[PDB]
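Chemist: Below is the file my_file_18.cif, with mmCIF, C-alpha atoms and all ligand atoms.
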```
data_target
#
loop_
_atom_site.label_atom_id
_atom_site.label_comp_id
_atom_site.auth_asym_id
_atom_site.auth_seq_id
_atom_site.Cartn_x
_atom_site.Cartn_y
_atom_site.Cartn_z
CA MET O 1 3.21 -32.16 -41.59
CA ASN O 2 3.56 -35.59 -39.91
CA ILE O 3 2.27 -37.44 -36.84
CA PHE O 4 5.02 -36.08 -34.55
CA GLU O 5 4.44 -32.46 -35.56
CA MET O 6 0.67 -32.95 -35.41
CA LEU O 7 0.69 -34.34 -31.86
CA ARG O 8 3.24 -31.69 -30.83
CA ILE O 9 0.71 -29.05 -31.91
CA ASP O 10 -2.15 -30.80 -30.08
CA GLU O 11 -0.25 -31.69 -26.89
CA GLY O 12 2.17 -28.78 -26.46
CA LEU O 13 5.53 -29.07 -24.73
CA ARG O 14 6.04 -28.42 -21.01
CA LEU O 15 9.19 -29.35 -19.09
CA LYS O 16 7.69 -29.40 -15.56
CA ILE O 17 4.88 -31.58 -14.22
CA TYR O 18 1.50 -30.07 -15.08
CA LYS O 19 -2.13 -31.17 -15.03
CA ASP O 20 -3.67 -32.13 -18.36
CA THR O 21 -7.19 -31.16 -19.46
CA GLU O 22 -8.58 -33.99 -17.28
CA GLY O 23 -6.66 -32.89 -14.18
CA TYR O 24 -4.01 -35.64 -14.36
CA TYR O 25 -0.29 -35.19 -13.78
CA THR O 26 1.51 -35.00 -17.12
CA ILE O 27 4.83 -33.81 -18.52
CA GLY O 28 6.56 -33.21 -21.82
CA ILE O 29 4.50 -33.64 -24.98
CA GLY O 30 1.34 -34.95 -23.34
CA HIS O 31 3.06 -37.77 -21.44
CA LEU O 32 0.53 -38.91 -18.84
CA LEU O 33 2.32 -39.86 -15.62
CA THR O 34 -0.52 -41.12 -13.45
CA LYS O 35 -4.19 -40.69 -12.72
CA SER O 36 -3.39 -40.65 -8.99
CA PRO O 37 -4.10 -37.33 -7.23
CA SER O 38 -0.72 -37.75 -5.47
CA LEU O 39 2.03 -35.55 -6.89
CA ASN O 40 4.48 -37.83 -5.08
CA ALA O 41 3.14 -40.76 -7.11
CA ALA O 42 3.58 -38.72 -10.30
CA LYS O 43 7.16 -37.91 -9.27
CA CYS O 44 8.01 -41.62 -8.86
CA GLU O 45 6.52 -42.33 -12.28
CA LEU O 46 8.60 -39.54 -13.81
CA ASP O 47 11.90 -40.60 -12.24
CA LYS O 48 11.20 -44.19 -13.34
CA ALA O 49 10.32 -43.07 -16.88
CA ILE O 50 13.45 -40.91 -17.29
CA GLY O 51 15.87 -43.03 -15.26
CA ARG O 52 17.14 -40.34 -12.90
CA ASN O 53 16.09 -38.13 -10.00
CA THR O 54 14.35 -35.36 -11.96
CA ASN O 55 12.64 -33.43 -9.13
CA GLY O 56 9.72 -32.91 -11.51
CA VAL O 57 11.67 -31.22 -14.35
CA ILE O 58 12.99 -32.71 -17.60
CA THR O 59 14.86 -31.53 -20.68
CA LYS O 60 13.43 -31.09 -24.17
CA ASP O 61 15.42 -34.11 -25.39
CA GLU O 62 13.97 -36.20 -22.56
CA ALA O 63 10.46 -35.01 -23.44
CA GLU O 64 11.07 -35.95 -27.07
CA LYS O 65 12.29 -39.40 -26.05
CA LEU O 66 9.13 -40.09 -24.05
CA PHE O 67 7.16 -38.79 -27.05
CA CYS O 68 8.94 -41.23 -29.39
CA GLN O 69 7.93 -44.07 -27.06
CA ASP O 70 4.38 -42.78 -26.66
CA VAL O 71 3.76 -42.53 -30.42
CA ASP O 72 5.12 -46.07 -30.82
CA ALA O 73 2.83 -47.24 -28.00
CA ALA O 74 -0.22 -45.73 -29.74
CA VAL O 75 0.63 -47.49 -33.01
CA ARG O 76 1.27 -50.76 -31.17
CA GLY O 77 -2.02 -50.46 -29.32
CA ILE O 78 -3.85 -50.00 -32.62
CA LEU O 79 -2.16 -53.04 -34.18
CA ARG O 80 -2.89 -55.25 -31.16
CA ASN O 81 -6.58 -54.30 -30.99
CA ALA O 82 -8.89 -56.39 -33.16
CA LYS O 83 -11.31 -53.48 -33.63
CA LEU O 84 -8.73 -50.81 -34.45
CA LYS O 85 -6.30 -52.75 -36.67
CA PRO O 86 -8.70 -53.32 -39.63
CA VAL O 87 -9.66 -49.65 -39.61
CA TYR O 88 -6.02 -48.54 -39.46
CA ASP O 89 -5.06 -50.95 -42.26
CA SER O 90 -7.88 -49.60 -44.47
CA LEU O 91 -6.78 -45.96 -44.07
CA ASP O 92 -4.31 -43.85 -46.03
CA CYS O 93 -1.22 -42.43 -44.32
CA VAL O 94 -2.76 -39.08 -43.33
CA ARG O 95 -5.93 -40.58 -41.88
CA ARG O 96 -3.80 -43.16 -40.03
CA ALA O 97 -2.20 -40.20 -38.25
CA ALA O 98 -5.66 -38.99 -37.17
CA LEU O 99 -6.36 -42.42 -35.66
CA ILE O 100 -2.97 -42.50 -33.90
CA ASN O 101 -3.77 -39.04 -32.53
CA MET O 102 -7.07 -40.24 -31.03
CA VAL O 103 -5.41 -43.28 -29.46
CA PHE O 104 -2.60 -41.14 -28.05
CA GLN O 105 -5.15 -38.85 -26.40
CA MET O 106 -7.72 -41.32 -25.04
CA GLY O 107 -6.19 -44.80 -25.22
CA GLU O 108 -6.83 -47.85 -27.34
CA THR O 109 -9.78 -49.14 -25.31
CA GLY O 110 -11.72 -45.89 -25.55
CA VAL O 111 -11.27 -45.44 -29.29
CA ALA O 112 -11.98 -49.13 -29.93
CA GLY O 113 -15.47 -48.75 -28.44
CA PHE O 114 -16.66 -46.25 -31.10
CA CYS O 115 -18.13 -48.99 -33.27
CA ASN O 116 -20.25 -46.67 -35.42
CA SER O 117 -17.48 -44.16 -36.17
CA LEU O 118 -15.02 -46.97 -36.84
CA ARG O 119 -17.44 -48.63 -39.26
CA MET O 120 -17.99 -45.37 -41.15
CA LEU O 121 -14.24 -44.80 -41.39
CA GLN O 122 -13.73 -48.34 -42.70
CA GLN O 123 -16.48 -47.68 -45.27
CA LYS O 124 -14.77 -44.41 -46.28
CA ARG O 125 -17.98 -42.47 -45.60
CA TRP O 126 -15.93 -39.49 -44.52
CA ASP O 127 -18.63 -36.86 -43.94
CA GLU O 128 -20.80 -39.33 -42.04
CA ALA O 129 -17.84 -40.45 -39.93
CA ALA O 130 -17.01 -36.82 -39.16
CA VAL O 131 -20.56 -36.06 -38.00
CA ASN O 132 -20.60 -39.23 -35.90
CA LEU O 133 -17.19 -38.59 -34.28
CA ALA O 134 -18.43 -35.22 -33.01
CA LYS O 135 -21.18 -36.91 -30.93
CA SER O 136 -18.68 -37.71 -28.22
CA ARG O 137 -17.46 -36.59 -24.84
CA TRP O 138 -14.11 -36.19 -26.63
CA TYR O 139 -15.45 -33.54 -29.00
CA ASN O 140 -17.34 -31.67 -26.29
CA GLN O 141 -14.45 -31.55 -23.81
CA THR O 142 -11.65 -30.77 -26.33
CA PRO O 143 -13.53 -29.30 -29.32
CA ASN O 144 -10.74 -27.40 -31.02
CA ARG O 145 -8.43 -30.41 -31.03
CA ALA O 146 -11.23 -32.80 -31.99
CA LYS O 147 -12.22 -30.50 -34.86
CA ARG O 148 -8.67 -30.67 -36.22
CA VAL O 149 -8.56 -34.47 -35.96
CA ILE O 150 -12.04 -34.78 -37.48
CA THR O 151 -11.09 -32.49 -40.38
CA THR O 152 -8.12 -34.78 -40.99
CA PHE O 153 -10.44 -37.79 -41.21
CA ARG O 154 -12.95 -35.89 -43.36
CA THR O 155 -10.47 -34.56 -45.93
CA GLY O 156 -7.43 -36.85 -45.79
CA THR O 157 -5.30 -33.69 -45.74
CA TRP O 158 -3.33 -31.82 -43.11
CA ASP O 159 -5.31 -28.61 -43.75
CA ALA O 160 -6.39 -28.25 -40.11
CA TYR O 161 -2.74 -28.14 -38.98
CA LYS O 162 -1.50 -25.49 -41.46
CA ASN O 163 -1.63 -22.21 -39.49
CA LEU O 164 -0.11 -23.81 -36.37
NA NA O 201 -9.51 -28.30 -27.54
#
```
Take the structure I supplied and represent it as structure tokens, if you would.
Ligand code: NA
Modeler:
Amino acid sequence: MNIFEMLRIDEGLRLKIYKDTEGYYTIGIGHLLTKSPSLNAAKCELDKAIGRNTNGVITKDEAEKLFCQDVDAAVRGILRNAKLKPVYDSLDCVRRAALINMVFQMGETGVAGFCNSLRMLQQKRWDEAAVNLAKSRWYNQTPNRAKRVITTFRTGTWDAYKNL
């Protein structure tokens, strides 16, 4: 298991524009296009992102290319955020993937505001961090995904991604 496979499980793969769990136009492996309610706006974002007139449909290779960029962007956002970087640097490679996963889903600013969970992770108080992470809109709105990510933080293993 690795970060690409883990996010592929959590995000799925769809080749036509769809609405994510929050109702926002998305494509590929969880590539958010826009928060605008305008499908036309989403279509401009998509054509700009891919570099051609897509008419709302992309190939698997194109989806994987956006995904490569989006994983990089999540790592970069962690490294450039003064609250996230020390936590990331303190973590092992598997738990780093759990943090990248959170940032991919909700953005650097949102994750960076969880000062109690971040402190517990930095302190390596894994059970306490796991309990604290579940007291979130994130957990309530996407509980099965959040449970997998939380198990990854709690155990430092990929066990939650094994039957998928
Ligand atoms: Na879920």
Chemist: When you draw a straight line from CA of residue 118 (chain O) to CA of residue 158 (chain O), how long is it in Å?
Modeler: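 Result for CA of residue 118 (chain O) versus CA of residue 158 (chain O): 20.1 Å, one decimal.
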Chemist: First collect every listed atom of region 22-39 of chain O; then fit an axis-aligned box around them, widen it by 3 Å on each side, and give centre and edge lengths in Å to one decimal, as JSON.
Modeler:
```
{"center_x": -1.0, "center_y": -37.0, "center_z": -15.2, "size_x": 21.1, "size_y": 14.2, "size_z": 25.5}
```
Chemist: Looking at only C-alpha atoms and all ligand atoms, which of O:59, O:38, O:54, O:105 is the one that sits closest to ligand NA 201 (chain O)?
Modeler: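 Going through O:59, O:38, O:54, O:105 one by one, the smallest distance to ligand NA 201 (chain O) is for O:105.
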Chemist: Find the nearest atom pair between each residue of chain O and ligand NA 201 (chain O) for residues within 6 Å, count all atoms listed in the file, give distances in Å to one decimal, sort rows by chain and ascending number, and present the table as a Markdown table.
Modeler:
```
| residue | atom | partner | partner_atom | distance |
| --- | --- | --- | --- | --- |
| O:142 | CA | O:NA201 | NA | 3.5 |
| O:143 | CA | O:NA201 | NA | 4.5 |
| O:144 | CA | O:NA201 | NA | 3.8 |
| O:145 | CA | O:NA201 | NA | 4.2 |
```
Chemist: So, with all atoms listed in the file as the atoms that count, which of O:1, O:164, O:74, O:84 lies closest to residue 119 (chain O)?
Modeler: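 Closest to residue 119 (chain O), using all atoms listed in the file: O:84.
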Chemist: My list of candidates is O:101, O:55, O:123, O:109. Which is closest to residue 87 (chain O) when distances are computed with all atoms listed in the file?
Modeler: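 That would be O:123, the residue with the smallest distance to residue 87 (chain O).
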Chemist: When you count only C-alpha atoms, which of these residues is closest to residue 98 (chain O): O:6, O:78, O:15, O:58?
Modeler: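 For residue 98 (chain O), the nearest of the given residues is O:6.
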Chemist: Hey, what's within 10 Å of residue 125 (chain O) if we count all atoms listed in the file and toss same-chain stuff fewer than 5 positions away? As a PyMOL selection string, please?
Modeler: chain O and resi 117+119-120+130+153-154
Chemist: Name the residues in contact with residue 37 (chain O) at a cut-off of 12 Å, using all atoms listed in the file, excluding same-chain residues fewer than 4 positions from it; report them as a PDB file with C-alpha atoms, keeping the file's coordinate frame.
Modeler:
```pdb
ATOM      1  CA  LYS O  19      -2.130 -31.170 -15.030  1.00  0.00           C
ATOM      2  CA  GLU O  22      -8.580 -33.990 -17.280  1.00  0.00           C
ATOM      3  CA  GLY O  23      -6.660 -32.890 -14.180  1.00  0.00           C
ATOM      4  CA  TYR O  24      -4.010 -35.640 -14.360  1.00  0.00           C
ATOM      5  CA  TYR O  25      -0.290 -35.190 -13.780  1.00  0.00           C
ATOM      6  CA  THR O  26       1.510 -35.000 -17.120  1.00  0.00           C
ATOM      7  CA  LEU O  33       2.320 -39.860 -15.620  1.00  0.00           C
ATOM      8  CA  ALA O  41       3.140 -40.760  -7.110  1.00  0.00           C
ATOM      9  CA  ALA O  42       3.580 -38.720 -10.300  1.00  0.00           C
ATOM     10  CA  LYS O  43       7.160 -37.910  -9.270  1.00  0.00           C
TER      11      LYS O  43
END
```
